[PDB]
Amino acid sequence: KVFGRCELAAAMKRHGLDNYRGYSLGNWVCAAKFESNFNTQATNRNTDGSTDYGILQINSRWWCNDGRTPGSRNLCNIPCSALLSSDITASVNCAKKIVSXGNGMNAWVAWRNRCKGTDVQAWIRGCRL
Ligand SMILES: CC(=O)N[C@@H]1[C@@H](O)[C@H](O[C@@H]2O[C@H](CO)[C@@H](O[C@@H]3O[C@H](CO)[C@@H](O)[C@H](O)[C@H]3NC(C)=O)[C@H](O)[C@H]2NC(C)=O)[C@@H](CO)O[C@H]1O
(Lines give C-alpha, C1' and ligand atoms only; values in the text may rest on other atoms or scores of the structure.)
Protein backbone atom coordinates (compact mmCIF):
# COMPACT_ATOMS: atom_id res chain seq x y z
CA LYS A 1 0.00 0.00 0.00
CA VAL A 2 1.29 3.47 -0.87
CA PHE A 3 0.18 5.84 1.89
CA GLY A 4 -0.60 9.49 1.45
CA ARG A 5 1.44 11.92 3.58
CA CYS A 6 -1.34 12.88 6.05
CA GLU A 7 -2.80 9.38 5.84
CA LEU A 8 0.48 7.94 7.15
CA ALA A 9 0.90 10.78 9.66
CA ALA A 10 -2.50 9.99 11.22
CA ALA A 11 -1.69 6.25 11.32
CA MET A 12 1.72 6.82 12.95
CA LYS A 13 0.18 9.22 15.47
CA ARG A 14 -2.56 6.69 16.29
CA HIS A 15 0.09 4.07 16.99
CA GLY A 16 1.88 6.38 19.44
CA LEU A 17 4.91 7.33 17.28
CA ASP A 18 4.35 11.09 17.75
CA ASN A 19 7.09 12.25 20.14
CA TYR A 20 8.10 8.62 20.69
CA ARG A 21 11.47 8.79 22.50
CA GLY A 22 11.32 12.52 21.83
CA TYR A 23 11.04 12.17 18.05
CA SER A 24 8.22 14.32 16.66
CA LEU A 25 5.72 12.95 14.13
CA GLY A 26 7.41 14.93 11.36
CA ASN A 27 10.64 12.99 11.91
CA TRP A 28 8.83 9.66 11.42
CA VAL A 29 6.92 10.83 8.32
CA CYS A 30 10.12 12.27 6.86
CA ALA A 31 11.97 9.00 7.56
CA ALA A 32 9.19 6.98 5.86
CA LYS A 33 9.15 9.29 2.86
CA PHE A 34 12.88 9.01 2.18
CA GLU A 35 13.20 5.35 3.18
CA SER A 36 10.26 3.82 1.31
CA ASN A 37 8.46 6.71 -0.37
CA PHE A 38 5.47 5.78 1.80
CA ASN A 39 5.24 2.30 0.16
CA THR A 40 4.68 -0.59 2.62
CA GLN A 41 5.88 -3.10 -0.03
CA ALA A 42 9.34 -1.53 -0.57
CA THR A 43 12.33 -3.90 -0.32
CA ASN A 44 15.99 -3.05 -0.84
CA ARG A 45 18.97 -5.40 -0.82
CA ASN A 46 22.18 -4.41 0.96
CA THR A 47 25.85 -5.20 0.24
CA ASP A 48 26.19 -7.19 3.46
CA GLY A 49 23.57 -9.65 2.22
CA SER A 50 20.77 -8.16 4.30
CA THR A 51 17.55 -6.56 3.01
CA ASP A 52 15.47 -3.60 4.23
CA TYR A 53 11.68 -4.07 4.40
CA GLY A 54 8.55 -1.92 4.46
CA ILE A 55 7.57 1.68 5.00
CA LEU A 56 10.42 2.16 7.51
CA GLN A 57 12.95 -0.09 5.70
CA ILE A 58 13.75 -2.31 8.70
CA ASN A 59 16.85 -4.51 8.28
CA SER A 60 16.96 -8.36 8.13
CA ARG A 61 20.38 -8.64 9.84
CA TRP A 62 19.10 -7.43 13.20
CA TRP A 63 15.33 -6.93 13.40
CA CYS A 64 13.33 -9.40 11.28
CA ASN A 65 13.85 -12.81 9.75
CA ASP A 66 13.86 -13.17 5.96
CA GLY A 67 15.56 -16.60 5.91
CA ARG A 68 18.54 -15.54 3.78
CA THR A 69 20.59 -13.13 5.91
CA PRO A 70 23.83 -14.44 7.47
CA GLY A 71 24.00 -13.70 11.21
CA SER A 72 20.33 -12.66 11.41
CA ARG A 73 19.17 -11.70 14.97
CA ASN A 74 15.41 -11.15 14.49
CA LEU A 75 15.20 -8.84 17.50
CA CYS A 76 11.59 -7.92 16.67
CA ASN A 77 10.70 -11.65 16.44
CA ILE A 78 8.76 -11.38 13.19
CA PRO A 79 9.23 -12.54 9.61
CA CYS A 80 10.32 -9.60 7.45
CA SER A 81 7.25 -10.16 5.27
CA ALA A 82 5.10 -8.90 8.20
CA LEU A 83 6.70 -5.47 7.66
CA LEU A 84 5.24 -5.25 4.15
CA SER A 85 1.56 -5.38 5.15
CA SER A 86 -0.85 -2.54 4.34
CA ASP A 87 -1.34 -2.51 8.14
CA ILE A 88 1.71 -0.67 9.65
CA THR A 89 1.31 -2.12 13.21
CA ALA A 90 4.28 -4.55 12.94
CA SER A 91 6.54 -1.87 11.43
CA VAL A 92 5.64 0.63 14.17
CA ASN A 93 6.18 -1.76 17.02
CA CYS A 94 9.55 -2.85 15.62
CA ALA A 95 10.59 0.77 14.94
CA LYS A 96 9.83 1.51 18.63
CA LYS A 97 12.29 -1.22 19.69
CA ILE A 98 14.93 0.08 17.24
CA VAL A 99 14.75 3.73 18.38
CA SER A 100 14.76 2.93 22.11
CA UNK A 101 17.83 3.07 24.41
CA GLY A 102 21.23 3.31 21.57
CA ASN A 103 21.57 5.73 18.68
CA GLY A 104 17.85 6.44 18.30
CA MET A 105 16.71 7.48 14.79
CA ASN A 106 20.33 7.42 13.55
CA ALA A 107 19.50 3.76 12.80
CA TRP A 108 17.74 5.09 9.66
CA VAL A 109 20.22 6.24 6.98
CA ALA A 110 17.57 8.28 5.15
CA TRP A 111 16.60 9.99 8.37
CA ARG A 112 20.21 10.96 9.20
CA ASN A 113 20.98 12.18 5.71
CA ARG A 114 17.72 13.88 4.72
CA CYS A 115 15.61 14.56 7.84
CA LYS A 116 17.90 15.12 10.84
CA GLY A 117 18.34 18.81 11.59
CA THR A 118 15.87 19.83 8.86
CA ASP A 119 12.45 21.44 9.05
CA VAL A 120 10.54 18.21 9.77
CA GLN A 121 7.42 20.12 10.86
CA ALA A 122 6.71 20.66 7.13
CA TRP A 123 5.96 16.93 6.81
CA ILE A 124 2.67 17.23 8.72
CA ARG A 125 1.58 20.54 7.17
CA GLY A 126 -2.14 20.61 6.39
CA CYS A 127 -2.82 17.36 8.25
CA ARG A 128 -5.88 17.18 10.48
CA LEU A 129 -4.30 15.48 13.45
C1 LIG B 1 16.10 0.84 10.41
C2 LIG B 1 17.19 -0.21 10.46
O3 LIG B 1 16.89 -1.41 10.53
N4 LIG B 1 18.44 0.23 10.50
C5 LIG B 1 19.56 -0.70 10.52
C6 LIG B 1 20.45 -0.43 11.73
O7 LIG B 1 19.75 -0.77 12.92
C8 LIG B 1 21.75 -1.25 11.66
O9 LIG B 1 22.66 -0.77 12.65
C10 LIG B 1 23.15 -1.66 13.59
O11 LIG B 1 22.11 -1.88 14.55
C12 LIG B 1 22.55 -2.67 15.68
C13 LIG B 1 21.33 -3.02 16.51
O14 LIG B 1 20.76 -1.88 17.13
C15 LIG B 1 23.62 -1.89 16.44
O16 LIG B 1 23.97 -2.61 17.65
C17 LIG B 1 23.67 -1.96 18.85
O18 LIG B 1 24.65 -0.92 19.03
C19 LIG B 1 24.40 -0.14 20.23
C20 LIG B 1 25.42 1.00 20.24
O21 LIG B 1 25.00 2.06 19.40
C22 LIG B 1 24.48 -1.02 21.46
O23 LIG B 1 24.16 -0.26 22.61
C24 LIG B 1 23.49 -2.17 21.33
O25 LIG B 1 23.60 -3.05 22.44
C26 LIG B 1 23.71 -2.94 20.03
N27 LIG B 1 22.67 -3.95 19.90
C28 LIG B 1 22.98 -5.25 19.84
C29 LIG B 1 21.82 -6.22 19.75
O30 LIG B 1 24.13 -5.66 19.80
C31 LIG B 1 24.82 -1.72 15.52
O32 LIG B 1 25.83 -0.94 16.15
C33 LIG B 1 24.38 -1.01 14.26
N34 LIG B 1 25.49 -0.98 13.32
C35 LIG B 1 25.82 0.15 12.69
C36 LIG B 1 27.00 0.11 11.73
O37 LIG B 1 25.20 1.20 12.85
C38 LIG B 1 22.42 -1.09 10.30
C39 LIG B 1 23.66 -1.96 10.10
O40 LIG B 1 23.37 -3.34 10.31
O41 LIG B 1 21.49 -1.42 9.26
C42 LIG B 1 20.37 -0.53 9.24
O43 LIG B 1 19.59 -0.86 8.14
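Residues numbered from 1 in each chain as written, not as in the entry; some residues may be left out. Heavy atoms only, no water. Residues with missing side-chain atoms left out of burial classes, pairs and counts.

Its PDB header names X-ray crystallography as the technique used to obtain the model and reports a resolution of 1.80 Å.

By the naming in the PDB entry, the protein is LYSOZYME, taken from Gallus gallus. For this entry, the PDB title field holds "HEN EGG WHITE LYSOZYME WITH A ISOASPARTATE RESIDUE". Regarding the protein, the UniProt comment filed under Catalytic activity reads as follows: "Hydrolysis of (1->4)-beta-linkages between N-acetylmuramic acid and N-acetyl-D-glucosamine residues in a peptidoglycan and between N-acetyl-D-glucosamine residues in chitodextrins." Turning to the protein, the UniProt annotation filed under Subcellular location states: "Secreted". (UniProt positions renumbered as here; feature names shortened; annotations may be inferred.)

Caption draft 1: The arrangement of the site of the ligand in detail. Around the ligand, the structure places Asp 52, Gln 57, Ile 58, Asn 59, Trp 62, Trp 63, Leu 75, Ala 107 and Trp 108. The backbone of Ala 107 places a nitrogen or oxygen atom 2.8 Å from a nitrogen atom of the ligand. Across the complex, the protein chains shield 50% of the 830 Å² of accessible surface that the ligand would expose by itself. Partitioned by chemical class, the residues of the shell around the ligand number six nonpolar, two polar and one charged. (Near = heavy atom within 4 Å. Polar contact = N/O pair within 3.5 Å; in protein donor to acceptor, adjacent residues only side chain to side chain. Areas by Shrake-Rupley, 256 points an atom, 1.4 Å probe, with all protein chains shown as cover. Nonpolar A, V, L, I, M, F, W, Y, C, P; charged D, E, K, R; others polar.)

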